[PDB]
Amino acid sequence: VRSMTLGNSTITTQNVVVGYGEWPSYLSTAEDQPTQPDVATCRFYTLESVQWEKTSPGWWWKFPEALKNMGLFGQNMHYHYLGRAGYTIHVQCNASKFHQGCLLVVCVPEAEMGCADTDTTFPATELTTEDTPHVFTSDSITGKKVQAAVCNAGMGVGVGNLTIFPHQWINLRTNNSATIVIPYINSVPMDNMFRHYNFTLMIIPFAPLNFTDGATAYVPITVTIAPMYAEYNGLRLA
Amino acid sequence: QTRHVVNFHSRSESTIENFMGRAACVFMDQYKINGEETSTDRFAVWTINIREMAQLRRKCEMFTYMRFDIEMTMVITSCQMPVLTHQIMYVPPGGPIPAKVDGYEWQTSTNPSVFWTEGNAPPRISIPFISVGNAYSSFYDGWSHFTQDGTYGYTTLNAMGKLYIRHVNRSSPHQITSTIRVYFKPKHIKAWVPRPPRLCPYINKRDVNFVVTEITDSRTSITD
Amino acid sequence: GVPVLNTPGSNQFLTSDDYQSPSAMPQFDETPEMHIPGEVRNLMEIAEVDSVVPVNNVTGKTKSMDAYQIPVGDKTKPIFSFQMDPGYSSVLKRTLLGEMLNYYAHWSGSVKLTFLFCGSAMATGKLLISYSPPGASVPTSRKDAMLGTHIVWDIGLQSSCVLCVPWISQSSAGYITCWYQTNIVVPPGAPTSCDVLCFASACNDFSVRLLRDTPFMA
Amino acid sequence: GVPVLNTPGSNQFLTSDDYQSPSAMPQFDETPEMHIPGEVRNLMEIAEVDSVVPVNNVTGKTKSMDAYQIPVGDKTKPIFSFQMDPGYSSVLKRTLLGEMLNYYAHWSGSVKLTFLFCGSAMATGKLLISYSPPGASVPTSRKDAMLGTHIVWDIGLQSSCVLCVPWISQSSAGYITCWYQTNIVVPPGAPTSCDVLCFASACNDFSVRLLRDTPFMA
Amino acid sequence: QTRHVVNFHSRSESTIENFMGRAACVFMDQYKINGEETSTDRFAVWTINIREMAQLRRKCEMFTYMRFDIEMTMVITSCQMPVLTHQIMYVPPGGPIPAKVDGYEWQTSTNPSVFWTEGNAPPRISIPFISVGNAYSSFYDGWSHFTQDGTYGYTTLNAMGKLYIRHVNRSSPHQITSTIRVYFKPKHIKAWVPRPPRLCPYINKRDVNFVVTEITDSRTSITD
């Protein structure tokens, strides 16, 4: 049991999957000069806990803008139009000893998702609802929204071989916590934080939750994101 | 066939340059020589992109980011005269395009073009890594216009240019209908961030939309 | 000048050549290469990544995520059974392993399988994972599977048993059956029916030779 | 002799090649090169030269030299304001800077601005030159411009204030507004209304990549 | 499009040789093969000068003085026979010119000429720095004839020669109308004395005369 603290946010934790074997880092020019906030920003932003029942198909969050209303990070998104960060993501499950199940906690950089009924697009509020997650579906759906059927998560790939990305299994038999570090994967050193979704944290239950008639009918999944090494553009003159 | 002892140890064919760097025909198109002075059927266009045919698109979607020089060689035929000379004008991403076969854009000094006359070896034109960013992005989970406007999934970093092709002969006594076959080839290719293979069939050439497909082919029971 | 003579093969266009293409933009200087995380420098680095294998791909459970779940909890018929060849096998053909191998005609190597038991932390039982050589016939009973190659995988102690199946190549393969050694013993509080996930990748190193076009795309 | 074979691309005419052209006048020996003053060896040596920027390019003052004059001498609305991008901006598109940048598609660098106050030697006042980042909105008031980036430029002390605006590139830009901190204080002898000239060049070094044809010529 | 982080540091495309040294088509012209034994429509002329088309002229007027070798490659077509052979005769500034397609000047040993037959690679002829002075002058604020006579702005130092082009075939059964496209290219170029860019449109190809144009595009107010 390790009680991590960052700033004015302390969580209680119980091995880290460093995404692509690199730890996030700063970009290191007078023509373009970054600003490193360091203060705040790096604290833990615990999202709303998500209840995982027997019939839950999955969830996804789209970062960096899932934190668009989360304190100083969410506020520096509005004053700087360029930025980058690292996002340590803790995912606890705090189930009991008699609950069973298994989760795939994967980050999937550049998750371009497909519309439900092709030949058209979706109204941009279907990919993300800031803090709250968009759930997947168990079967096919229609309408101007994301094709959120599992087995074809979002991108038209098999959902089983979604393990190529930075992932972690949460098998309630053995463990309950996951932690992933995603060192800002992008083709340009800095990019706008409202246009571009750098990665898509999606939690997908492979083995469904199961229990008997006495336990709690759900297992709350807690998501915590710590934006590390966030740096922005300069606002001062040169 | 029979199961033989396939005994060897090699992964030189599995490298990225030995997997992606293969020439494939990506653009057939017709273009006449005479008649209809204001027509769009006297030249070819083909905006250069990897999402041309599904067989190569599938390979480009193994990886999120990749950068590579392209070296295309055209194979130009003709039907129905003099000896014919062609022009394959590559315009960069920032470049004016012709509207007619006799536009002024064809004479732009910043648009490199080959003048291949018939009978010789096929014309080969090589284009370096043009993109503004540091790699071409196969996927772009983002919006071109800020504040979640239209045009999802299209970034302007992975723009490669266009390829305008015409006869340079002003006219002809009879009709000559030329056919061009552009052979695209990645070169000096690097690739980042692997990605699971495509499962569903492709719908359209500018989006990732799909129909929900089964994972694998079904069998009768779990034990047969 | 220099007396040259053109050989057969001059002024032709061989599709697969590696000649110096005359660059169309010589003045142009391309963008400097930054370091982007996660470079791939060989395709067999994708095959070495584990990925979930749809063993329960029966006729009505392939468009849901019930394809990946092996139901555990009749001891006379095996739990599951499938050909051990990533090509031309419904179970292992759309795996990362099985999908980077359909780009090639000649491939040879080994393949490791991980069986993650996704049941309760209180459920306890034994499963017997038998392997048949590529020429042998499948075991029809549990005893006949015990007399061959097997691993009595105690679930109560470890929850993940790893294999490494050799002699996997094409240019009549093995079998990974699984048997109830014991039933799943469970306390009154925990549920009775559990699931087992499977995985597949390249075990140590994988050999692969002749590139071709994939059959899946039409 | 030497067995050669012609590759694809033989006997073609690529417009942009750098081959050894056979000289038509080989006997001819060209005139010796004298030293002529003022050699240009890079185009960005033209962009680094200051030149007057027509800020007051309103609908009827562009064919006279009133375009270059910013009238100084209502404190609620700013004196002047313009996009900070030498391309696609009416104010900075025909500057030496803005004109050597329309020959190119990809350019990135910084740009310095000099504000020469061309008033009397007795006129004294303060101007507040605010800069908005490329994502931010313009200040609607003088206080809101004071809370951002600014430089309270006292005219009575120095008559030339120099900026250096970074993050200037294309492949939604900044703003240089100017405000009346104080009015222009003037003795009885000197005139009341003054002018402010502006300048623009490359601040330290300028990067520029993809050559194209200019839009201005028809 | 969207505003991306255009992060790189390069000025190799802004040098003079990477700015001026680009091949641009500067002369289209027709010339027959037979008929009208005394006619001016059986050969081409094109007195070589930088003031051909406004797009390249504008670039040459960035600089007052410049010196450079020129390396032009012609692209010759034909319409309507035998196999055709052409002749591209470059006459120096001091050189006799033909008056007809069958003049004696075509046989002058001091006028270098290429004999390109149809079907091969395009003919390339390179001309060194011919001028008498030490550089070509884009502008000449002076008078050719002393004591302020006629012909303002024309110096004889920036004379480059002429380019007479004909068929060498004496006749033909039918009419053949050939088209030539001269691709001018500065080479090994140096430039002195920078100069502000042209603002007004061009009027004539031998003078600097202009119509008074506005400085920039107008906007509504000084503050919008």
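In this document, chain identifiers A, B, C, D and E correspond to the written order of the chains, with residue numbering beginning at 1 in each.
In this text, contacts are C-beta pairs under 8 Å (C-beta built on N, C-alpha and C of every residue); 3 or more make two chains touch, one makes a residue touch a chain.
Strictly by the touch rule at the top, which chains does chain D share as contacts with chain E?
A, B, C
Could you compare the number of C-beta pairs in contact for C-E with that for B-C and name the larger?
B-C
Among B-C, B-D or C-E, which chain pair copies the contacts of D-E, with over half of them the same by residue number?
It is B-C that repeats the D-E interface.
Can you tell me which chain is nearest the middle of the complex, judged by mean CA position?
If we average C-alpha coordinates per chain, B lands closest to the whole-structure average.
Based on CA centres, what chain would you say lies at the far end from chain A?
E
Between chain C and chain D, tell me the centre distance in angstrom, where each centre is the average of that chain's C-alpha atoms.
Between these chains, centre-to-centre, one finds 60 Å.
Averaging over Cα atoms per chain, report the distance between chain A and chain D in Å.
43
Counting in whole Å, what is the centre-to-centre distance of chain B and chain D, each centre being its mean C-alpha position?
Chain centroid spacing, chain B to chain D, equals 38 Å.
Can you compute the centre-to-centre distance for chain A and chain B, using the mean CA position of each chain? Integer Å is fine.
34
For chain A, give me the residues that contact two or more of the other chains.
Each of 20, 32, 81-82, 139-140, 149, 151, 158-162, 164, 185, 187-189, 192, 195 in chain A touches at least two other chains.
Which chain E residues reach two or more other chains?
If we look for residues of chain E contacting two or more partner chains, we find 1-10, 13, 18, 22-23, 55, 75, 120-122.
At least two other chains touched by the same residue of chain C: list those residues.
Only 11-13, 21-25, 27-29, 31-32, 34, 36-38, 46, 49, 51, 54, 62-63, 67-68, 94, 96, 99 qualify.
Think of each chain as a node with edges to the chains it touches; is that a line, ring, star, complete or other?
Complete.
What are all the chain pairs that meet the touch criterion?
A-B, A-C, A-D, A-E, B-C, B-D, B-E, C-D, C-E, D-E
Considering only the defined contacts, which chain B positions touch chain C in the complex?
Residues 1, 3-11, 13-16, 18-19, 22-23, 54-55, 58, 62-63, 65, 67, 71, 73, 75, 90, 92, 112, 114, 120-122, 124-135, 183, 187, 190-194, 196-199, 201, 212-224.
Can you list the residues on chain D that touch chain A in the complex?
Per the touch definition, chain D meets chain A at residues 108-110, 131, 133-136, 148-149, 151, 163-167, 172, 203-207.
Which residues of chain B touch chain D in their complex?
73, 92-96, 108-110, 112-117, 120-125, 130, 132, 146, 156
List the residues on chain C that touch chain D in their complex, please.
Residues 2-7, 9-13, 17, 19-29, 31 of chain C touch chain D in their complex.
Any idea which chain A residues touch chain D in the complex?
30-33, 79-82, 192, 233-238
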